[PDB]
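K.L.:
PDB entry and its sequence, pasted below:
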Amino acid sequence: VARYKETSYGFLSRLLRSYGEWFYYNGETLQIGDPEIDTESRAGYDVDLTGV
Amino acid sequence: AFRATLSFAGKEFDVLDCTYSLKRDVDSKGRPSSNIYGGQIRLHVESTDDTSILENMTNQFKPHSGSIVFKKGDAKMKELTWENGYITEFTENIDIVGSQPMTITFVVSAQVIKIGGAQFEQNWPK
Amino acid sequence: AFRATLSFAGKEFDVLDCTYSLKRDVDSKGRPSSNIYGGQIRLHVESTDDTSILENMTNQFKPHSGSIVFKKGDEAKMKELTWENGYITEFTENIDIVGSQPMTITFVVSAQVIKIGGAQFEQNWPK
Amino acid sequence: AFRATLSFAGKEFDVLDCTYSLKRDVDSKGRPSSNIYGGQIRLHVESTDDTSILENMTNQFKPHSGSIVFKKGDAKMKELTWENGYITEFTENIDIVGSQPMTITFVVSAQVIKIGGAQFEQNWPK
Amino acid sequence: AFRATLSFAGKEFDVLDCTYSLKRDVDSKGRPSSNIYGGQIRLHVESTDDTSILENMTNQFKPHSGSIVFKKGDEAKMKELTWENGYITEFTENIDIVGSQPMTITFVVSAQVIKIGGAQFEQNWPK
Amino acid sequence: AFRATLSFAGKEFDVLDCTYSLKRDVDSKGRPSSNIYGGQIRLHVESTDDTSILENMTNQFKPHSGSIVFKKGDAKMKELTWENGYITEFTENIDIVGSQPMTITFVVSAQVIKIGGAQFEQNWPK
């Protein structure tokens, strides 16, 4: 693997996405891989959603 | 001469003015393009020692109901009622000249309003 | 003096005010640059312990027709303003006590055809 | 036959008129979509050789209190007080031809306003 | 019955109206969010064969001072409003053949210092 | 008792109204932030069978000059003069039910205006 004239984020961003991995900041931690989140929610038109 | 009285929160008030209106949207060719919207009620009342209308706007956050009755000869002519409403404007005015100095003006935005054999209902999904 | 009578929904009302108008757009040199638009009738009547205008408005999918008669004095028909395929698109009821004004109703009608005298204006509503 | 008297800056003034109002926001079909805001007090008084309301306004960093007493018979009927307030508008008009000799209009923006058994407060950061 | 006199450029004028105002910006929650601004005096006086207010606006660009004294009772000076370091920023002169005062002049003064009684407003002009 | 006479295009008219004004700009601390602009003269005249002001307007490429003389009581008090000006607005109104059966109001835009020892001049790049 080669790093060619790029930053730390730019190198890791392209390398992990080309291998099909999740790579993002969740709000307090940096997540590498699938977290398997199953939390759900309900939203209704003209109850919670102003526009769709 | 007309007599209009307002029954609100277990009290009686003397009414000076009243209004309510409805509307629709219209295309560029004069064709209606929306549904009926509106139905706010504007009231003008003579102030007194009691301050019940103010405590209903601030101290409470529950919907209420009320009625207004109009008498022409002395007899009952019409009655306008609302249910599931809120007070969204309030104003108290004092003017030391004359002609009813102490007055209160407020606006009610309700879901159902009724007068005579006519009804207006709003779709507030829950 | 004058008198105006409104026949609507199988009933007759007394009319205080009545208005209608039309216009078209023009250039900066004054040449007209559009066609006619805006045939609406504004009516002012007095409310008498009945709610028939309001019931017609809340039935939103029913076009109606109406007519107004102008009388020069006394018993002489002068004009006749008629409409067909119309809807009420504005309604207001006012009550006043301090100013000694009776209960009044103001409303606006937007129709497809309006006629008066030997004149007639129509709008193309697609079928 | 009535009076309004303003007690402010350790003095007494005679009010010509007074007003205050509150408001809420609603959406296209009458459902409230905000909280109550407003609550300023607008006052009209006759100007004598005092120049003390201007002295308080120029003091830009010292809040104050006040009260207005409305009398209907001749005894007190209602009272509108404020606490922790500032003067935010000031106008002096001197008309000679008309019957507007010398008058002052000013607005008060406070944190708490009380009248009767009702009150309204704003959460100013501490 | 009141009287008011304006002492400007070594001359005396008779005042029909006077007004001045101050302002302060307010946050959405009711707190003040700025300091005092404003301090502009609007004056409405009578007109005559002399043109000395217009000369000071046009033919001269220098700061000037002025004074207005209010008299009550037909002696016993009521108040006195003073200004210094000011410029005339508006001017208007009207004549009406029919109706009340024939010839009037209206003008507005924008100054740095304003004194009335025991109150003083000063603007920070950083020079 | 007051009179105003307008001498214009070799004729004399009776003036009902006259106005002129000037202005500057300020920058929210009261300090002037531009130079003086304005200087238009608005006149109101009673029209009598003579369509000669309108012919002057239609002559779009020719400047003119004029004078207005003010007489107080039962002698000249002031004189307003313009030179190198054009008529840039014209209105003629006729009301039968009301008073003022026929009147003309118009505006003049001139390079120089002078009144009683004061003068205002604009620069025109020719």
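P.N.:
Arrived safely, thanks for sending. Residues are numbered from 1 along each chain as shown, chains lettered A, B, ... in the order given.
K.L.:
Settle this for me: residue B:23 is touching residue C:89, isn't it.
P.N.:
Yes. Between residue B:23 and residue C:89 there is a contact under Cβ atoms under 8 Å: 7.1 Å. In this view, the C-beta of every residue, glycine as well, is placed from N, C-alpha and C.
K.L.:
OK, contacts around residue B:44?
P.N.:
B:15-18, B:103-105 (Cβ atoms under 8 Å, 6 or more residues apart in numbering or on different chains).
K.L.:
For the residues you listed, which entry has the maximal number of neighbours?
P.N.:
Using other Cβ atoms under 10 Å in any protein chain shown as the neighbour criterion, residue B:18 leads these with 21 neighbours.
K.L.:
Isn't residue B:85 up against residue B:57?
P.N.:
No. If you go by Cβ under 8 Å, residue B:85 and residue B:57 don't touch, sitting 11.5 Å apart.
K.L.:
Residue nearest the middle of chain B, spatially speaking?
P.N.:
residue B:41 (3.4 Å; Cα atoms, centre = their mean).
K.L.:
any idea how far that one is from residue E:38?
P.N.:
Distance of residue B:41 to residue E:38, given as Cβ to Cβ, to the nearest Å: 40 Å.
K.L.:
do residue A:45 as well
P.N.:
Taken as Cβ to Cβ, the span from residue A:45 to residue E:38 is 50 Å.
K.L.:
hang on, the earlier thing: dump the contacts of residue B:44 to TSV, plus distance to residue A:13.
P.N.:
Below are the contacts of residue B:44 laid out as TSV (distance: Cβ to Cβ, whole Å):
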residue	distance to residue A:13
B:15	69
B:16	69
B:17	67
B:18	66
B:103	67
B:104	63
B:105	61
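K.L.:
quick one: which of those residues sit in strands?
P.N.:
Among those, the ones falling in strands (DSSP state E) are B:15-18, B:103-105.
K.L.:
Output those of the residues you listed also counted as contacts of chain F.
P.N.:
When Cβ under 8 Å from any Cβ of the partner chain is applied, no member of the ones in strands among the contacts of residue B:44 is adjacent to chain F.
K.L.:
Closest one of those residues to chain F?
P.N.:
Nearest to chain F among the ones in strands among the contacts of residue B:44 is residue B:17, at 33.1 Å by Cβ to the nearest Cβ.
K.L.:
what's around the spatially closest residue to residue A:45 that is not a sequence neighbour, how many residues?
P.N.:
Distances taken as Cβ to Cβ, 6 or more residues apart in numbering or on different chains put residue A:52 closest to residue A:45, at 5.9 Å, once the chain neighbours are dropped. By the measure other Cβ under 10 Å, the count of residues near residue A:52 is 6.
K.L.:
Next one: residue A:52 from residue B:123, what distance?
P.N.:
Using Cβ to Cβ, residue A:52 is found at 16 Å from residue B:123.
K.L.:
Quick check, the residue nearest to residue A:45 in contact with residue A:46.
P.N.:
No. If you go by Cβ under 8 Å, residue A:52 and residue A:46 don't touch, sitting 9.3 Å apart.
K.L.:
Dump the ones in strands among the contacts of residue B:44 to CSV, plus distance to chain C.
P.N.:
Shown next, in CSV, are the ones in strands among the contacts of residue B:44 (distance: Cβ to the nearest Cβ, whole Å):
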residue, distance to chain C
B:15, 7
B:16, 5
B:17, 6
B:18, 4
B:103, 10
B:104, 14
B:105, 13
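K.L.:
Return the member of the residues you listed nearest to residue A:41.
P.N.:
Closest approach between those and residue A:41, by Cβ to Cβ: residue B:105, at 42.5 Å.
K.L.:
Surely that closest one is in contact with residue B:42?
P.N.:
Yes. Assessed by Cβ under 8 Å, residue B:105 is found in contact with residue B:42 at 7.4 Å.
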